[PDB]
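Notes for the one structure printed next.
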Amino acid sequence: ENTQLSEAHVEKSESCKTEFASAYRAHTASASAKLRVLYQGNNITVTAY
Amino acid sequence: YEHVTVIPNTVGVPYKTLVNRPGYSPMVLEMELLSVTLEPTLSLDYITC
Amino acid sequence: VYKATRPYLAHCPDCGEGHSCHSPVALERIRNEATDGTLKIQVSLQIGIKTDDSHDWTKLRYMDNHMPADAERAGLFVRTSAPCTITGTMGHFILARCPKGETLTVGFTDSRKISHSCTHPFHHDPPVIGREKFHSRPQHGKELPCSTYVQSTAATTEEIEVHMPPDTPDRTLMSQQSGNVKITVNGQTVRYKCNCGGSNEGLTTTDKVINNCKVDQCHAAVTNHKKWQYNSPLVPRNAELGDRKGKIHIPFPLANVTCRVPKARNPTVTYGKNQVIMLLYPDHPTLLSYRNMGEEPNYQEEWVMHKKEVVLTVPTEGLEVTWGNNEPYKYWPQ
(Lines give C-alpha, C1' and ligand atoms only; values in the text may rest on other atoms or scores of the structure.)
Protein backbone atom coordinates (compact mmCIF):
# COMPACT_ATOMS: atom_id res chain seq x y z
CA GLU A 1 0.00 0.00 0.00
CA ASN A 2 2.86 2.47 -0.75
CA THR A 3 2.60 4.65 -3.88
CA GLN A 4 5.08 6.71 -5.93
CA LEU A 5 3.83 9.79 -7.79
CA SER A 6 6.20 10.46 -10.71
CA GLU A 7 5.96 14.02 -12.06
CA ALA A 8 7.57 15.73 -15.10
CA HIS A 9 7.20 18.70 -17.51
CA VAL A 10 9.18 20.34 -20.36
CA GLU A 11 11.16 24.26 -20.42
CA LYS A 12 13.73 26.53 -22.15
CA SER A 13 17.38 25.46 -21.74
CA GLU A 14 19.97 27.76 -20.05
CA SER A 15 21.34 28.19 -23.64
CA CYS A 16 18.13 29.94 -24.91
CA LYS A 17 19.48 33.45 -24.10
CA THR A 18 22.70 32.77 -26.14
CA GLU A 19 21.68 30.08 -28.73
CA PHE A 20 18.29 30.83 -30.37
CA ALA A 21 16.43 31.32 -33.69
CA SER A 22 13.71 33.98 -34.12
CA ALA A 23 10.54 33.50 -36.22
CA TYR A 24 9.45 36.81 -37.85
CA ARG A 25 6.52 37.93 -40.03
CA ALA A 26 8.19 40.03 -42.80
CA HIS A 27 6.11 42.58 -44.79
CA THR A 28 6.34 45.79 -46.97
CA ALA A 29 10.10 46.55 -47.16
CA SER A 30 11.38 50.16 -47.06
CA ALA A 31 13.92 50.82 -49.86
CA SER A 32 16.89 53.09 -48.97
CA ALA A 33 19.91 54.25 -51.03
CA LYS A 34 23.44 55.83 -51.25
CA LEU A 35 26.68 55.76 -53.75
CA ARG A 36 30.22 57.11 -54.99
CA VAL A 37 30.34 60.06 -57.44
CA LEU A 38 33.59 61.48 -58.92
CA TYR A 39 32.46 65.13 -58.73
CA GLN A 40 34.90 68.05 -59.36
CA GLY A 41 38.01 65.81 -59.08
CA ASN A 42 36.81 64.58 -55.64
CA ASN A 43 34.91 61.46 -54.53
CA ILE A 44 31.53 62.22 -52.91
CA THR A 45 29.27 59.70 -51.11
CA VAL A 46 25.47 59.86 -51.52
CA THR A 47 23.21 57.72 -49.28
CA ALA A 48 19.54 57.81 -50.35
CA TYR A 49 16.37 55.69 -50.44
CA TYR B 1 -17.55 13.11 -32.67
CA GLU B 2 -16.57 16.09 -34.86
CA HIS B 3 -19.34 18.72 -35.12
CA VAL B 4 -18.76 21.24 -37.95
CA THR B 5 -20.82 24.45 -38.34
CA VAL B 6 -20.46 28.00 -39.78
CA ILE B 7 -21.54 31.19 -37.94
CA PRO B 8 -21.50 34.82 -39.26
CA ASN B 9 -18.51 36.89 -38.06
CA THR B 10 -20.71 39.05 -35.75
CA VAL B 11 -19.90 39.65 -32.06
CA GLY B 12 -22.63 39.66 -29.36
CA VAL B 13 -25.02 37.29 -31.19
CA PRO B 14 -25.69 33.88 -29.50
CA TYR B 15 -26.06 31.07 -32.07
CA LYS B 16 -27.65 27.66 -31.43
CA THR B 17 -26.14 24.54 -33.04
CA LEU B 18 -27.72 21.07 -33.02
CA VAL B 19 -25.23 18.22 -32.54
CA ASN B 20 -26.76 14.97 -33.81
CA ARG B 21 -24.44 11.98 -33.26
CA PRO B 22 -26.22 8.85 -34.68
CA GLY B 23 -27.61 6.64 -31.88
CA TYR B 24 -27.06 9.41 -29.28
CA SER B 25 -29.55 11.94 -27.84
CA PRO B 26 -29.41 15.38 -29.59
CA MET B 27 -27.12 18.03 -28.04
CA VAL B 28 -27.71 21.81 -28.30
CA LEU B 29 -24.62 24.05 -28.05
CA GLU B 30 -24.91 27.85 -27.73
CA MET B 31 -21.95 29.72 -29.29
CA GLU B 32 -21.23 33.45 -29.05
CA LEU B 33 -18.23 35.32 -30.46
CA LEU B 34 -15.28 35.13 -28.07
CA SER B 35 -13.16 37.96 -29.46
CA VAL B 36 -11.14 37.25 -32.61
CA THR B 37 -7.95 39.22 -33.25
CA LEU B 38 -6.05 40.42 -36.37
CA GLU B 39 -2.64 41.68 -35.14
CA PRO B 40 -0.46 43.08 -38.00
CA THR B 41 3.38 42.94 -37.86
CA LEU B 42 4.60 46.53 -37.25
CA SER B 43 7.85 48.21 -38.30
CA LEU B 44 8.36 51.73 -36.88
CA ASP B 45 9.47 54.22 -39.58
CA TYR B 46 9.44 57.33 -37.31
CA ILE B 47 7.54 59.25 -34.61
CA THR B 48 6.13 62.80 -34.88
CA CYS B 49 5.10 65.37 -32.25
CA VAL C 1 24.79 29.25 0.42
CA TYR C 2 26.61 26.00 1.46
CA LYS C 3 25.72 26.67 5.14
CA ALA C 4 22.06 25.80 4.21
CA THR C 5 22.82 23.06 1.62
CA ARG C 6 24.50 19.64 2.09
CA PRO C 7 26.04 16.77 0.02
CA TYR C 8 23.78 13.68 -0.27
CA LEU C 9 23.39 9.97 -1.13
CA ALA C 10 21.32 9.15 -4.24
CA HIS C 11 20.68 6.24 -6.65
CA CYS C 12 23.41 5.34 -9.17
CA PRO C 13 22.82 2.46 -11.68
CA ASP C 14 26.54 1.47 -11.76
CA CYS C 15 28.84 1.99 -8.72
CA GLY C 16 31.39 -0.38 -10.29
CA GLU C 17 31.04 -3.90 -11.83
CA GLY C 18 27.50 -3.01 -13.07
CA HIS C 19 25.95 -3.06 -9.55
CA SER C 20 23.64 -0.24 -8.34
CA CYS C 21 24.20 1.55 -4.96
CA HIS C 22 23.27 4.57 -2.76
CA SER C 23 26.19 6.66 -4.09
CA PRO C 24 27.91 9.67 -2.41
CA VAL C 25 29.02 10.73 -5.97
CA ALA C 26 25.68 9.99 -7.78
CA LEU C 27 25.28 11.53 -11.26
CA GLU C 28 22.33 13.93 -11.52
CA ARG C 29 22.63 15.57 -14.98
CA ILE C 30 25.26 15.94 -17.73
CA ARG C 31 24.99 19.15 -19.80
CA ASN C 32 26.60 19.37 -23.27
CA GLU C 33 25.18 22.58 -24.82
CA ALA C 34 28.70 24.12 -25.12
CA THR C 35 29.83 23.87 -28.78
CA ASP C 36 33.51 23.93 -27.61
CA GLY C 37 32.90 20.40 -26.20
CA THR C 38 32.99 21.31 -22.46
CA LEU C 39 30.74 19.12 -20.26
CA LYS C 40 28.90 20.58 -17.24
CA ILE C 41 28.45 17.62 -14.84
CA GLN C 42 26.18 17.65 -11.73
CA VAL C 43 26.93 15.24 -8.82
CA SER C 44 25.44 14.50 -5.34
CA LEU C 45 28.64 15.67 -3.50
CA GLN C 46 30.02 19.23 -3.00
CA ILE C 47 33.58 20.18 -4.18
CA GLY C 48 35.57 23.08 -2.67
CA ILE C 49 33.52 23.05 0.58
CA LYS C 50 34.46 21.53 3.98
CA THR C 51 31.97 20.09 6.59
CA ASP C 52 32.19 23.39 8.59
CA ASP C 53 30.90 25.17 5.37
CA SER C 54 34.29 26.95 4.79
CA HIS C 55 35.61 27.26 1.21
CA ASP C 56 38.75 25.19 0.45
CA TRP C 57 39.62 24.28 -3.18
CA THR C 58 41.87 21.36 -1.98
CA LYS C 59 38.85 19.77 -0.19
CA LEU C 60 35.57 18.00 -1.10
CA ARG C 61 32.51 17.09 1.04
CA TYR C 62 30.42 13.93 0.55
CA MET C 63 27.62 12.23 2.54
CA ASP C 64 29.19 9.47 4.70
CA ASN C 65 26.25 7.29 5.86
CA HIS C 66 24.29 9.76 8.12
CA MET C 67 26.80 12.67 8.40
CA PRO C 68 28.86 14.60 5.76
CA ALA C 69 32.66 13.96 5.67
CA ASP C 70 35.78 15.63 4.16
CA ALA C 71 37.78 14.20 1.21
CA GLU C 72 40.67 15.39 -1.03
CA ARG C 73 40.05 17.27 -4.33
CA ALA C 74 43.16 15.53 -5.85
CA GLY C 75 41.36 12.15 -5.55
CA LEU C 76 38.43 13.38 -7.70
CA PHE C 77 38.37 11.96 -11.26
CA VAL C 78 36.16 12.13 -14.40
CA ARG C 79 36.40 9.55 -17.24
CA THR C 80 34.55 8.39 -20.39
CA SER C 81 36.46 5.76 -22.45
CA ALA C 82 39.70 7.27 -20.98
CA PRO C 83 40.44 9.99 -18.27
CA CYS C 84 38.98 13.52 -18.71
CA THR C 85 40.67 16.90 -18.15
CA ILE C 86 38.85 18.65 -15.26
CA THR C 87 38.70 22.41 -16.06
CA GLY C 88 36.65 23.63 -13.05
CA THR C 89 35.01 22.43 -9.79
CA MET C 90 32.58 24.19 -7.38
CA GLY C 91 29.85 22.56 -5.24
CA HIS C 92 27.74 19.99 -7.13
CA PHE C 93 29.38 21.03 -10.46
CA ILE C 94 32.35 19.80 -12.54
CA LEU C 95 33.64 21.16 -15.87
CA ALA C 96 35.45 18.56 -18.00
CA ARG C 97 37.02 18.06 -21.45
CA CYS C 98 36.42 14.39 -22.32
CA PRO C 99 37.55 12.09 -25.19
CA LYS C 100 34.95 10.15 -27.30
CA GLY C 101 32.92 7.65 -25.24
CA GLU C 102 29.64 5.81 -24.53
CA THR C 103 29.65 6.15 -20.69
CA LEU C 104 30.54 8.89 -18.15
CA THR C 105 32.17 8.11 -14.77
CA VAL C 106 32.73 10.52 -11.84
CA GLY C 107 34.59 9.29 -8.75
CA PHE C 108 36.70 10.11 -5.66
CA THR C 109 38.70 8.50 -2.79
CA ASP C 110 37.26 8.88 0.76
CA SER C 111 38.95 9.31 4.23
CA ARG C 112 39.28 5.48 4.63
CA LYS C 113 41.14 5.33 1.22
CA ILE C 114 38.00 3.64 -0.31
CA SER C 115 37.23 4.61 -3.94
CA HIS C 116 33.64 5.61 -4.87
CA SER C 117 32.45 6.02 -8.50
CA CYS C 118 29.20 6.46 -10.51
CA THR C 119 28.80 5.34 -14.16
CA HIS C 120 25.93 6.50 -16.43
CA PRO C 121 25.42 5.73 -20.16
CA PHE C 122 26.32 8.95 -22.04
CA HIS C 123 27.20 9.28 -25.73
CA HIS C 124 30.06 11.78 -25.94
CA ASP C 125 31.41 12.67 -29.40
CA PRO C 126 31.46 16.51 -29.58
CA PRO C 127 30.88 18.14 -33.02
CA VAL C 128 33.69 19.94 -34.89
CA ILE C 129 34.15 23.71 -34.33
CA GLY C 130 34.64 25.02 -37.86
CA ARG C 131 35.78 22.99 -40.89
CA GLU C 132 38.94 21.30 -39.46
CA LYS C 133 39.07 18.36 -36.98
CA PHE C 134 42.08 19.31 -34.76
CA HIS C 135 43.38 17.98 -31.38
CA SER C 136 45.12 20.89 -29.51
CA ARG C 137 43.84 24.50 -29.17
CA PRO C 138 45.89 27.15 -31.09
CA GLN C 139 47.05 30.57 -29.75
CA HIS C 140 46.34 32.18 -33.18
CA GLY C 141 43.72 31.36 -35.83
CA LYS C 142 40.27 32.18 -37.25
CA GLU C 143 37.91 33.56 -34.56
CA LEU C 144 34.66 31.54 -34.65
CA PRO C 145 31.52 31.89 -32.46
CA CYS C 146 31.27 29.12 -29.83
CA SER C 147 29.70 28.51 -26.40
CA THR C 148 31.41 27.36 -23.19
CA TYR C 149 30.71 27.02 -19.46
CA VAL C 150 32.75 29.90 -17.93
CA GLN C 151 35.41 28.81 -15.37
CA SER C 152 34.25 31.68 -13.04
CA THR C 153 33.35 30.31 -9.55
CA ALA C 154 30.72 33.13 -9.27
CA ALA C 155 27.01 32.17 -9.27
CA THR C 156 24.85 34.97 -10.82
CA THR C 157 22.60 33.75 -13.71
CA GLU C 158 21.89 29.95 -13.81
CA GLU C 159 20.02 28.25 -10.91
CA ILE C 160 18.81 24.93 -9.37
CA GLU C 161 15.76 24.04 -7.23
CA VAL C 162 16.36 23.08 -3.58
CA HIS C 163 14.15 21.68 -0.77
CA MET C 164 14.41 20.06 2.67
CA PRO C 165 16.43 16.83 2.64
CA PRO C 166 15.00 13.37 3.37
CA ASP C 167 15.43 10.70 6.06
CA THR C 168 17.87 7.78 6.29
CA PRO C 169 16.10 4.36 6.66
CA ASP C 170 17.65 2.21 9.43
CA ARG C 171 16.06 -1.12 10.47
CA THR C 172 18.56 -1.50 13.40
CA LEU C 173 16.58 1.26 15.25
CA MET C 174 13.76 -1.31 15.78
CA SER C 175 13.98 -4.46 17.96
CA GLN C 176 11.60 -7.24 19.15
CA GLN C 177 10.73 -6.50 22.82
CA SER C 178 9.32 -10.04 23.59
CA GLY C 179 6.44 -9.68 21.07
CA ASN C 180 6.38 -5.88 20.55
CA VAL C 181 8.42 -3.16 18.69
CA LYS C 182 11.18 -1.23 20.54
CA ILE C 183 12.41 1.94 18.77
CA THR C 184 15.75 3.13 20.26
CA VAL C 185 16.64 6.68 19.10
CA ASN C 186 20.25 6.75 20.55
CA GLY C 187 20.29 10.57 20.87
CA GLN C 188 18.82 11.13 17.37
CA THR C 189 15.53 12.39 15.85
CA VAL C 190 13.72 9.33 14.38
CA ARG C 191 10.62 9.36 12.12
CA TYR C 192 8.62 6.12 12.59
CA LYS C 193 5.51 4.51 11.03
CA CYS C 194 3.92 1.18 12.08
CA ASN C 195 1.09 -0.84 10.43
CA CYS C 196 -0.61 -0.97 13.90
CA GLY C 197 -3.00 1.08 16.11
CA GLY C 198 -2.46 3.85 18.66
CA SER C 199 0.63 6.12 18.47
CA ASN C 200 1.96 4.45 15.26
CA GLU C 201 3.32 7.78 13.84
CA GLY C 202 5.67 10.49 15.14
CA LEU C 203 8.90 12.52 14.96
CA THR C 204 10.47 11.31 18.23
CA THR C 205 13.53 12.57 20.17
CA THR C 206 13.01 9.84 22.87
CA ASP C 207 12.61 5.99 22.91
CA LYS C 208 9.20 4.55 21.88
CA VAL C 209 7.45 1.17 22.30
CA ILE C 210 4.62 -0.23 20.09
CA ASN C 211 2.81 -3.14 21.83
CA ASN C 212 0.96 -5.94 19.86
CA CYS C 213 3.03 -4.89 16.78
CA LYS C 214 5.59 -6.89 14.74
CA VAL C 215 9.07 -5.60 13.67
CA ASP C 216 8.27 -6.23 9.93
CA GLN C 217 5.11 -4.00 10.18
CA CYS C 218 7.28 -0.94 11.09
CA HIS C 219 9.44 1.62 9.20
CA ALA C 220 12.14 3.71 10.97
CA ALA C 221 14.43 6.48 9.65
CA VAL C 222 16.93 9.01 11.11
CA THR C 223 16.18 12.62 10.10
CA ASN C 224 17.43 16.17 10.68
CA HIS C 225 14.95 18.93 9.85
CA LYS C 226 17.73 21.47 9.35
CA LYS C 227 19.00 21.67 5.77
CA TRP C 228 18.43 22.16 2.01
CA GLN C 229 19.16 19.63 -0.74
CA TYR C 230 18.97 19.75 -4.56
CA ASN C 231 15.45 18.85 -5.84
CA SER C 232 16.75 15.41 -6.96
CA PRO C 233 14.53 12.90 -8.84
CA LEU C 234 16.79 10.17 -7.27
CA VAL C 235 15.77 11.15 -3.67
CA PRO C 236 12.10 11.06 -2.39
CA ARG C 237 10.11 14.26 -1.66
CA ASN C 238 9.47 15.25 1.99
CA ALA C 239 6.02 13.73 2.82
CA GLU C 240 5.03 16.34 5.50
CA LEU C 241 5.59 19.55 3.44
CA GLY C 242 3.83 20.09 0.09
CA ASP C 243 5.41 21.75 -2.98
CA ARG C 244 7.72 23.85 -0.69
CA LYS C 245 10.97 24.79 -2.49
CA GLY C 246 13.82 27.30 -2.64
CA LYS C 247 16.32 28.21 -5.38
CA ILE C 248 20.08 28.83 -5.44
CA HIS C 249 22.46 30.28 -8.08
CA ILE C 250 25.00 27.84 -9.62
CA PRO C 251 28.62 28.27 -10.87
CA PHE C 252 29.86 27.91 -14.50
CA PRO C 253 26.90 29.32 -16.58
CA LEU C 254 26.79 28.78 -20.38
CA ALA C 255 28.02 31.88 -22.28
CA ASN C 256 28.77 32.95 -25.88
CA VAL C 257 32.56 33.25 -26.46
CA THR C 258 35.16 32.93 -29.27
CA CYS C 259 36.97 29.72 -30.36
CA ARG C 260 40.26 30.00 -32.27
CA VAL C 261 40.72 27.90 -35.64
CA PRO C 262 41.71 27.91 -39.74
CA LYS C 263 41.49 28.28 -44.00
CA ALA C 264 41.84 27.40 -48.16
CA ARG C 265 42.83 27.62 -52.32
CA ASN C 266 41.93 28.22 -56.24
CA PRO C 267 40.83 25.86 -59.08
CA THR C 268 42.27 25.77 -62.64
CA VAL C 269 39.85 27.94 -64.66
CA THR C 270 39.15 27.73 -68.46
CA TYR C 271 36.55 29.71 -70.47
CA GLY C 272 33.96 29.22 -73.24
CA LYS C 273 31.02 31.16 -74.80
CA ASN C 274 28.75 32.00 -71.77
CA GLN C 275 30.48 29.07 -69.98
CA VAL C 276 33.03 28.62 -67.13
CA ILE C 277 34.98 25.35 -66.57
CA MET C 278 36.65 24.68 -63.18
CA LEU C 279 38.96 21.74 -62.34
CA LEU C 280 38.34 21.22 -58.60
CA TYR C 281 41.08 19.47 -56.55
CA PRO C 282 39.81 19.33 -52.90
CA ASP C 283 42.09 18.09 -50.07
CA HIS C 284 38.94 17.53 -47.90
CA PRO C 285 35.08 17.95 -48.39
CA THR C 286 34.63 21.44 -49.90
CA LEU C 287 31.26 23.18 -50.46
CA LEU C 288 30.76 24.62 -53.97
CA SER C 289 27.90 27.13 -54.43
CA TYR C 290 26.75 29.31 -57.35
CA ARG C 291 24.05 31.82 -58.38
CA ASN C 292 23.09 34.04 -61.35
CA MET C 293 23.39 37.79 -60.56
CA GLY C 294 20.00 38.55 -62.18
CA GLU C 295 16.26 38.25 -61.36
CA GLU C 296 16.41 34.40 -61.31
CA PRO C 297 19.48 33.49 -59.14
CA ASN C 298 18.78 29.68 -59.26
CA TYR C 299 21.00 28.89 -56.24
CA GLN C 300 22.74 25.50 -56.45
CA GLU C 301 25.13 23.77 -54.01
CA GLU C 302 27.20 20.55 -53.81
CA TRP C 303 29.85 19.13 -51.46
CA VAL C 304 32.93 18.27 -53.57
CA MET C 305 34.71 15.21 -52.08
CA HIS C 306 37.43 14.58 -54.73
CA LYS C 307 38.71 15.51 -58.29
CA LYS C 308 35.70 16.89 -60.25
CA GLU C 309 35.36 19.07 -63.40
CA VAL C 310 32.42 21.52 -63.17
CA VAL C 311 30.79 23.11 -66.27
CA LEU C 312 28.79 26.25 -65.34
CA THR C 313 26.73 28.60 -67.55
CA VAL C 314 27.61 32.32 -67.23
CA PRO C 315 24.52 34.46 -68.10
CA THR C 316 24.55 38.14 -69.31
CA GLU C 317 23.74 39.40 -65.75
CA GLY C 318 26.75 37.45 -64.40
CA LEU C 319 27.59 34.37 -62.27
CA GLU C 320 28.85 34.33 -58.64
CA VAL C 321 30.77 31.16 -57.55
CA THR C 322 31.86 30.35 -53.94
CA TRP C 323 34.46 27.57 -53.52
CA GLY C 324 34.79 26.63 -49.84
CA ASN C 325 36.01 29.36 -47.46
CA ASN C 326 37.36 31.52 -50.35
CA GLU C 327 35.80 34.91 -51.23
CA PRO C 328 33.18 34.56 -54.06
CA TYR C 329 34.47 34.57 -57.67
CA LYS C 330 32.47 36.66 -60.16
CA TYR C 331 32.16 35.89 -63.90
CA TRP C 332 30.62 37.92 -66.77
CA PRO C 333 30.44 37.23 -70.57
CA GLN C 334 32.68 39.36 -72.89
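In the C-alpha coordinates, chains take letters A, B, ... by order of appearance, with residues numbered from 1 within each chain and ligands from 1 in the order shown.
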Find the residues of chain C that sit at most 7 Å from chain A; for each, write down the nearest two atoms and how far apart they are in Å, to one decimal. Count only C-alpha atoms. Sort by chain, then by number going up, and give it as CSV.
```
residue,atom,partner,partner_atom,distance
C:33,CA,A:15,CA,6.9
C:158,CA,A:14,CA,6.9
C:254,CA,A:15,CA,6.4
C:255,CA,A:18,CA,6.6
C:256,CA,A:18,CA,6.1
```
**Request:** Report the residues of stretch 86-275 of chain C whose backbone DSSP state falls under strand (DSSP E), written as an NGL selection string.
**Result:** :C and (86-97 or 101-109 or 115-124 or 142-149 or 159-163 or 168-169 or 174-177 or 180-183 or 189-194 or 201-204 or 208-210 or 218-223 or 229-230 or 246-249 or 254-261 or 268-272 or 275)
**Message:** Between B:37, B:25, B:43, B:10, which residue has the minimum interatomic distance to chain A, considering only C-alpha atoms?
**Reply:**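 Among B:37, B:25, B:43, B:10, it is B:43 that comes nearest to chain A.
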**Asked** If we count only C-alpha atoms, what is near residue B:36 at a cut-off of 12 Å, once residues fewer than 4 positions away on the same chain are taken out, given as number ranges by chain?
**Response** B: 9-11, 32
For those residues, write N, CA, C and O atoms to a file as a PDB file, in the first residue's frame.
```pdb
ATOM      1  N   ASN B   9     -19.520  36.209 -38.861  1.00  0.00           N
ATOM      2  CA  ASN B   9     -18.508  36.893 -38.059  1.00  0.00           C
ATOM      3  C   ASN B   9     -19.108  38.167 -37.441  1.00  0.00           C
ATOM      4  O   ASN B   9     -18.794  39.284 -37.853  1.00  0.00           O
ATOM      5  N   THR B  10     -20.015  37.977 -36.465  1.00  0.00           N
ATOM      6  CA  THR B  10     -20.714  39.048 -35.755  1.00  0.00           C
ATOM      7  C   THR B  10     -20.646  38.773 -34.255  1.00  0.00           C
ATOM      8  O   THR B  10     -21.070  37.713 -33.794  1.00  0.00           O
ATOM      9  N   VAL B  11     -20.084  39.727 -33.506  1.00  0.00           N
ATOM     10  CA  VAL B  11     -19.901  39.650 -32.056  1.00  0.00           C
ATOM     11  C   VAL B  11     -21.199  40.051 -31.332  1.00  0.00           C
ATOM     12  O   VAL B  11     -21.937  40.913 -31.812  1.00  0.00           O
ATOM     13  N   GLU B  32     -21.214  32.002 -28.920  1.00  0.00           N
ATOM     14  CA  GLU B  32     -21.230  33.451 -29.054  1.00  0.00           C
ATOM     15  C   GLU B  32     -19.812  33.987 -29.174  1.00  0.00           C
ATOM     16  O   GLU B  32     -18.967  33.701 -28.319  1.00  0.00           O
TER      17      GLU B  32
END
```
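Residues of chain A carrying a DSSP assignment of helix (DSSP H, G or I), computed from the backbone, are residues 14, 15, 16 and 17 of chain A.
The neighbours of residue B:18 here are the residues that come within 9 Å of it, using only C-alpha atoms and leaving out any residue fewer than 4 positions away in the same chain; they are residues 3, 26, 27, 28 and 29 of chain B.
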Output N, CA, C and O atoms for every residue in the selection just made, as a PDB file, in the first residue's frame.
```pdb
ATOM      1  N   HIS B   3     -18.213  17.894 -34.716  1.00  0.00           N
ATOM      2  CA  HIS B   3     -19.345  18.720 -35.119  1.00  0.00           C
ATOM      3  C   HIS B   3     -18.798  19.945 -35.843  1.00  0.00           C
ATOM      4  O   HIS B   3     -17.976  20.680 -35.285  1.00  0.00           O
ATOM      5  N   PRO B  26     -29.884  14.092 -29.054  1.00  0.00           N
ATOM      6  CA  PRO B  26     -29.412  15.382 -29.586  1.00  0.00           C
ATOM      7  C   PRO B  26     -28.834  16.314 -28.526  1.00  0.00           C
ATOM      8  O   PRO B  26     -29.258  16.282 -27.366  1.00  0.00           O
ATOM      9  N   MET B  27     -27.827  17.100 -28.921  1.00  0.00           N
ATOM     10  CA  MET B  27     -27.123  18.032 -28.042  1.00  0.00           C
ATOM     11  C   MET B  27     -27.175  19.439 -28.636  1.00  0.00           C
ATOM     12  O   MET B  27     -26.806  19.629 -29.796  1.00  0.00           O
ATOM     13  N   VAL B  28     -27.635  20.420 -27.846  1.00  0.00           N
ATOM     14  CA  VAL B  28     -27.709  21.808 -28.300  1.00  0.00           C
ATOM     15  C   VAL B  28     -26.584  22.620 -27.658  1.00  0.00           C
ATOM     16  O   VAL B  28     -26.488  22.688 -26.432  1.00  0.00           O
ATOM     17  N   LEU B  29     -25.729  23.216 -28.499  1.00  0.00           N
ATOM     18  CA  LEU B  29     -24.623  24.053 -28.045  1.00  0.00           C
ATOM     19  C   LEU B  29     -24.872  25.498 -28.448  1.00  0.00           C
ATOM     20  O   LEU B  29     -25.171  25.776 -29.611  1.00  0.00           O
TER      21      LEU B  29
END
```
